[PDB]
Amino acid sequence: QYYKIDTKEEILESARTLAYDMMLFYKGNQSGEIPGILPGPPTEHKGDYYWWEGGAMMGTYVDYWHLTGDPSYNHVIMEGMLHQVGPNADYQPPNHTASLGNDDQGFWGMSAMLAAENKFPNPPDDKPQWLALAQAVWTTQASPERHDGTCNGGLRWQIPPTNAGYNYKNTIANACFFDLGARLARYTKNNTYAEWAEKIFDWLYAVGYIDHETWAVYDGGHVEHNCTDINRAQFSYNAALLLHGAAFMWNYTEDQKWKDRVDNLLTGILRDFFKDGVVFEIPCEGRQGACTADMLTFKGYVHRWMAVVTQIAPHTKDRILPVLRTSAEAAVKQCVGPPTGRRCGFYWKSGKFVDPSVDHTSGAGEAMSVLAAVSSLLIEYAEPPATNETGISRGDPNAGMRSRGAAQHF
């Protein structure tokens, strides 16, 4: 094994080297390149990765700095986050319409929310601020045209009505909106965010994407079938994102119903995604060559989000931290690949390095996921998410409401 993680100092060193290796995939700070994105999209044969994964990377590095204190990449991350905000400061840059799902926009909004929670350095005074960016994403997702009567509510996967998948009302789009609402409520203490989060969670429960018996979290359903054709694929990031948002709602409301939802979602996640202590992407990881670029990132979010759950729902700490530890141990045990002797693959439970070429990418998602898992081993030393009591960001009451905003020509 190359990376050591037995003490705080070893974890810090390993995380620093993992942050270096993940950054090698990113070209956006170089002359002539586009800040904020990994190479791609694959539809243009420019690389393996879609725009939203750039947003996920940005968030991973906001967390990296928060967890380790290393600010080395902060300027690169600030540039990338600011470059992708779009003309209306809402993470809807029109050049990216083709991949503009509510989840894609949502992941960028969640990285901005994380920047506010982590007190990431503020953009310059003339630029959009982190809280305001999160508020803009949430506001556009709350806009009435995104909430029609099909399936009695819920967000559709896609924002543009002509995008493939507009007829699919899926968990992840709704989970992003839920998580943002819960986090905006806790940060700002504004209850309208929380009321929307309650409504969306109740919808996810009612439509049955959350299994009422097992608390498994399914993928979605289509409007032409009243959302009853549930796709029962269980992706780790769906359950984990609902757990994360539910923990924010528990912390904000102190309502036992939210504690119960945290506990039930957590029981399900441990049952379904952790195999002898190691996170496992059950829809695809059981055979090599099936996981897509998107799926290779999910276990990193699971680690980072579950770690934060232990801070804001501290009664979960003893259920979560030991399991994240064994999962991160498996992650580093297989980061031994050539040519460096430390290249990371995806198949942590297997105990062996598998070249990322088996899943047809250069390996950035695997690198991101290991960075996330190792960094998050430092959660016990980190500050919890800030609120407006101690945060340094600034909001905008008209976030998402510009007169040229895309909702005005929907």
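Residue numbers run from 1 along the displayed sequence.
Stretch comparison (133-141 versus 118-126) by mean CA B-factor in the PDB entry places 118-126 on top.
Comparing 166-174 with 222-230, the stretch with the higher mean C-alpha B-factor in the PDB entry is 222-230. Across the residues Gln105, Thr267, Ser236, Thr292, the deposited record lists the maximum Cα B factor for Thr292. Of the candidates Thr297, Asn191, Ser99, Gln334, the PDB record gives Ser99 the highest C-alpha temperature factor. Annotation for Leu24: CA B-factor lies in the middle third of the chain's modelled residues. Ranked against the other modelled residues of its chain, the C-alpha B-factor of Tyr381 as given in the entry falls in the highest third. When the modelled residues of the chain are ordered by their C-alpha B factor, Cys151 lands in the middle third. Sort the modelled residues of the chain by CA B factor and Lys317 lands in the highest third. Ranked against the other modelled residues of its chain, the C-alpha B-factor of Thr60 as given in the entry falls in the lowest third.
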